[PDB]
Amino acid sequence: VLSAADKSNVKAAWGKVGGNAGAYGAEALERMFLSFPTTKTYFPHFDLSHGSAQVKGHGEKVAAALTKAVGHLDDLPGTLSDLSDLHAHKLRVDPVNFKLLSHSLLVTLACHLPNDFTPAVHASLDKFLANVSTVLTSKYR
């Protein structure tokens, strides 16, 4: 589980992100689509060229979900439940894909917040996203 130091690191890291959550979400998605093209095939109804309205709208929503998680660290299984239903039962996301969005987010955060992204913040953020994915892959098993 996330330690009290993790909880402060994550909250603080996401604090800096602040208003820019949505932009970073859209960037993370784009870094995921390009770097791992298989992931594109979950979004065949999207126009996935750089700057597209649908990627931008989706990025805003992924961001809002992670912001909501950052408020509720002592309960990620609970507050993300309804999302684990969607991803697994409806969309059927291969469980391997989640680590990819996680990686892409880390690269995004690192790009924009170099002086915040110490090794220990890197670590707690990874832990935070490992926690999220897990919940999101919950509804297999």
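For every residue, the number given is its place in the sequence shown, counted from 1.
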Checklist entry - Looking at the entry, does 15-23 or 128-136 show the higher mean C-alpha B-factor? => result 15-23
Checklist entry - Mean C-alpha B-factor higher for 65-73, or for 38-46? => result 65-73
Checklist entry - Of the options 89, 112, 31, 103, which has the highest CA B factor as deposited? => result 89
Item to check | residue 54 CA temperature factor, ranked by third within the chain | outcome: middle
